[PDB]
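Below: one structure, written as structure tokens.
When we count neighbours, we look across all protein chains shown, and the Cβ atoms used for this are built from the backbone with ideal geometry, even at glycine. None of the figures in this text is laboratory data; all of them are computed from the coordinates on show.
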Amino acid sequence: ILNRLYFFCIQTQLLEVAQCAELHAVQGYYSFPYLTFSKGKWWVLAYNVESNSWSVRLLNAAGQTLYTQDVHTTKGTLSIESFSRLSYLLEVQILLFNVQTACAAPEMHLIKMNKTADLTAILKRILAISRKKXXXXXXXXXXXXXXXXXXXXXX
Amino acid sequence: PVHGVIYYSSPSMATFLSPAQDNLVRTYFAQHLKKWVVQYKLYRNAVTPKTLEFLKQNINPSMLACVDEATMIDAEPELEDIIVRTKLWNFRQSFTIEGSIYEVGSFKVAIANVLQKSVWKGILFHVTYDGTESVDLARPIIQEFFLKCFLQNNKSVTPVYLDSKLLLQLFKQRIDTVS
Amino acid sequence: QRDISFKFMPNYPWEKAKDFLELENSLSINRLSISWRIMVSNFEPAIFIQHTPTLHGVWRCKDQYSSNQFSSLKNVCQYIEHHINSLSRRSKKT
Amino acid sequence: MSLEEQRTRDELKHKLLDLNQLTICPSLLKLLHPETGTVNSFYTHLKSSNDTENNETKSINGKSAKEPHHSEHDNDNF
Amino acid sequence: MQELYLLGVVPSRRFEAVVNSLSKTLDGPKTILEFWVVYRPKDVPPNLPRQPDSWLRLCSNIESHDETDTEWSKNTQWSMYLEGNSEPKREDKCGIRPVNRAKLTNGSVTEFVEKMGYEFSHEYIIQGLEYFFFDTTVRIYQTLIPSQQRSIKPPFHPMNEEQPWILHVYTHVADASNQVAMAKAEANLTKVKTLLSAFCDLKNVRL
């Protein structure tokens with residue numbers, strides 16, 4: 001019963017934090033401990049938290065997934081999700097680039113800039129396959145930072 | 001509070017619809033039709049018809065209808081059932097209708113499979129919306145979105161209009177079940 | 001602490017009594033609603049803030065956008081912070 | 001200058017026509033003459049009776065139900 | 001709901017003392033006024049039980065309602081009872097009978113008995129006091145005849161110049177099957193019986 005309380009109270013926190021960005025937490029996917037938030041106002045992507053840690057698992061089925069680790073990943077609240085959205089739409093855009101490579105493999109091209117915070121672990125300026133976190137770099141020098149990512153690609 | 005109702009010939013669609021549902025679940029609507037005929041003919045008709053039904057309401061009031069042909073009288077008992085049980089009124093079937101109203105967005109969807117004891121009858125969707133304006137500027141809008149999720153080929157008693165009105169409508173819809 | 005206009009609107013059960021017998025019943029498990037017409041924008045409408053602490057068995061926000069239902073007062077505070085932020089961004093939109 | 005913003009107010013009246021899609025326009029037009037002489041989707045969600053408002057040059061409140069052309073004094077044209 | 005009735009005659013000569021006594025040893029008094037009505041079944045041939053208790057008894061609290069009104073006959077709250085016969089050869093221990101407290105709410109009230117084909121029958125007004133005792137409760141009777149049929153204007157007519165006050169202890173078992181609850185109930189009534197036997201003579205009576 002106490003286990004149920006620990007399970008439920010966290011939901012009581014998050015639902016209050018669910019007001020901004022209608023994380024309806026639709027249960028039409030699964031009731032497994034990992035939890036299933038939805039999104040609005042719109043296959044359907046499914047933002048989630050469990051470890052606790054940043055995580056994304058679009059699914060229907062079960063599609064592409066990836067995790068990140070910004071901030072302590074403990075307390076909220078709404079402001080943190082406001083941080084989430086900025087990187088999150090960018091991640092959706094990256095899902096789109098992956099839709100492109102799925103049918104060159106792959107373009108070194110990235111942003112396509114969008115709002116806002118640079119604190120994202122997603123992170124930014126993703127290249128072919130693996131993301132290349134270096135949006136801060138100058139566009140001419142971005143090719144060089146991408147070359148450094150290529151140096152990482154050797155291993 | 002513009003009510004809407006639809007009958008169908010396509011059983012167990014809503015069971016497939018609930019997983020397909022993308023939005024909020026709430027209280028599970030259910031109510032109870034019952035057949036009633038006097039044990040002896042002398043209660044023929046009119047003032048004392050062999051007809052009677054008690055309509056249990058799981059919403060709130062739990063106020064049974066007490067209709068002897070167009071004679072509405074709300075009553076919480078239930079105990080009236082036992083009172084009637086003496087020396088009167090034969091039973092045969094209730095064919096009660098379970099089902100499971102949900103909040104959605106601008107309007108409240110409602111669902112109620114007619115799970116007859118006699119196997120099955122037919123799905124009866126219900127709908128409500130805040131049609132505060134003229135209903136005919138709203139009802140077609142309601143009918144725009146039976147396409148989402150899509151619905152096809154049906155009996156369609158969907159009168160214009162808080163949920164209490166449904167009780168008054170139940171016998172009116174009970175007529176559709178007379179056949 | 002940040003100096004912002006608001007309108008507290010009390011309505012206690014014991015505001016009305018004609019004897020101690022009524023004042024006796026003034027104290028009860030009944031909900032005690034309290035309106036909070038906080039004043040922020042000099043142009044945009046005040047954000048109504050219902051407050052209904054039941055005795056047993058609480059901070060219902062309502063703004064220009066949509067209604068909300070909290071518990072902790074701090075969530076109400078940050079909820080105001082979304083407005084002092086995003087509305088300011090709306091001021092920056094033009 | 002102000003006539004353009006008032007034209008935007010006429011666009012708001014057009015939004016009231018969109019509500020009709022969801023007489024008074026004439027009186028609203030005369031009010032437009034009176035004025036010329038001198039987020040919202042969430043409001044629809046509140047309708048989902050409603051209230052709304054539009055900034056510049058004055059914070060007119062786009063109340064709707066019919067409609068109520070609330071404005072700010074605190075005059076509110078019918 | 002199996003009620004456990006008791007009965008006790010009170011001569012009016014000594015009635016006030018009983019009141020002063022009970023008020024000092026029981027909960028309440030709570031004021032009691034009510035207007036019974038009986039609407040008669042009329043069907044032939046048998047098997048109609050057509051028993052004297054089988055005649056239905058609608059009930060209605062009327063005290064709080066003002067005397068001047070004449071449209072109380074439907075606007076007032078109403079209820080319906082059966083009260084079956086007490087179980088046979090039941091002595092020493094209190095008699096026990098089934099009872100069913102029906103209620104209803106609509107502008108159509110009395111009319112329904114005609115809808116059942118039932119028609120007007122005997123009626124009488126009750127007045128007195130009730131006394132709480134946890135679950136168990138004791139009500140005292142006065143069966144005043146109304147000044148007119150369905151009229152609520154005093155004086156109401158006594159059956160006689162010296163009407164006995166009809167004391168009536170009772171409690172309401174939730175269900176007959178529970179001999180445990182039956183035990184607790186018989187116990188409570190036993191304690192009440194002991195409690196007020198000192199100045200009254202209750203006894204079981206067949207019904």
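General remarks:
- Amide H within-cut-off set for C:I38, under 5 Å, with H built and near neighbours excluded: C:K7, C:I47, C:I49
- Size-normalised alpha-carbon gyration radius of chain D, reference 2.2 N^0.38 Å: 1.04
- Between B:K56 and B:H32, the built amide H atoms are under 5 Å apart, and every one of these is 5 or more places off in sequence or on another chain.
- Subset of B:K34/E:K30; C:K7/D:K63; A:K39/D:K66 violating a 30 Å alpha-carbon distance limit: B:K34/E:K30; A:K39/D:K66
- For the range A:78-148, the Rg and Dmax computed from alpha carbons only, in angstrom: 12.4, 40
- Kirkwood analysis of chain E, using all unique Cα-Cα pairs, places the hydrodynamic radius at 18.7 Å.
- Backbone HN-Hα couplings from phi across the range A:141-155 [Karplus 6.51/-1.76/1.60, Hz, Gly and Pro as x]: 7, 5, 5, 6, 5, 5, 5, 5, 5, 5, 5, 5, 5, 5, 10
- Descending principal axes extents, the range A:1-69, alpha-carbon based, whole Å: 35, 26, 22
- Shielding by other protein chains, B:81-91, mean Cβ within 10 Å: 3
- The 3J(HN,Hα) values that the Karplus relation (6.51, -1.76, 1.60; θ = phi - 60°) gives for the range A:78-83 are, in residue order, 4, 5, 5, 5, 5, 5 Hz. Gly and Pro appear as x.
- For the range B:1-175, the alpha-carbon coordinates run over 51, 35, 28 Å along the three principal axes, in decreasing order.
- The rule of thumb for compact globular proteins, 2.2 N^0.38 Å, goes into the C-alpha radius of gyration of the range E:120-178 1.46 times.
- Taking amide H atoms as placed 1.01 Å from N in the peptide plane, the amide H of A:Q27 has no partner under 5 Å among residues 5 or more positions away or on other chains.
- Gap separating the Cα centres of the range E:187-204 and the range E:124-179, nearest whole Å: 18
- Cβ charges +1 (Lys, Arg) and -1 (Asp, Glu), total dipole of chain E, debye: 520
- Label positions at C:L55 and E:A17, each projected 7 Å from the Cα along the C-beta direction, are separated by 4.4 nm.
- Fully extending the segment from B:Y161 to B:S18, taken as 0.36 nm per residue of separation minus the present Cα-Cα distance, adds 48.8 nm.
- Cβ crowding within 10 Å averaged over residues, with A:109-117, D:3-11, C:63-71 ranked highest first: C:63-71, D:3-11, A:109-117
- Placing +1 on each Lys and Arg Cβ and -1 on each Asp and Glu Cβ, with no other charges, gives the range C:1-71 a dipole about its Cα centre of roughly 160 debye.
- Stokes-Einstein D in µm²/s, Kirkwood radius over Cα pairs - chain C at 4 °C with 1.567 mPa s viscosity: 84
- The distance between label points at E:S151 and A:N52 comes to 7.7 nm (points 7 Å beyond Cα on the Cα→Cβ vector).
- Packing, taken as the mean count of other beta carbons within 10 Å per residue, orders the peptides B:103-109, B:64-70, A:139-145 from highest to lowest as B:64-70, B:103-109, A:139-145.
- Shape analysis of the protein assembly as shown yields a ratio of the Cα radius of gyration to the Kirkwood radius, Rg/Rh, of 1.08.
- Residue pairs, from the table C:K16/C:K74; B:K41/B:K172; A:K115/D:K58; C:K62/D:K15, whose Cα atoms sit over 28 Å apart: C:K16/C:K74; A:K115/D:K58
- Shielding value for B:40-51 is 2, the average number of Cβ atoms from other chains within 10 Å of each residue's Cβ.
- Over the C-alpha trace of chain A, radius of gyration and Dmax come out as 17.3, 60 angstrom.
- Just so you know, the Rg over Rh for the range E:61-127 is 1.07, from Cα atoms, with Rh as the Kirkwood radius.
- For B:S9 and B:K148, the FRET efficiency from 1/(1 + (r/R0)^6), where r spans their Cβ atoms and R0 equals 22 Å, is about 0.55.
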